[PDB]
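Report on one structure; see the data block that follows.
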Amino acid sequence: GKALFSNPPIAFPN
């Protein structure tokens, strides 16, 4: 559930 709205937007399953 960890989402980083950055470039690139990387999201993690947690």
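Please note that chains go A, B, ... in the order of the structure tokens, that every chain numbers its residues from 1, and that ligands are numbered from 1 in the order shown.
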Please provide the set of residues having any atom within 10 Å of residue A:13, restricted to only C-alpha atoms, with same-chain residues fewer than 5 positions apart removed, written as a PyMOL selection string.
chain A and resi 1-3
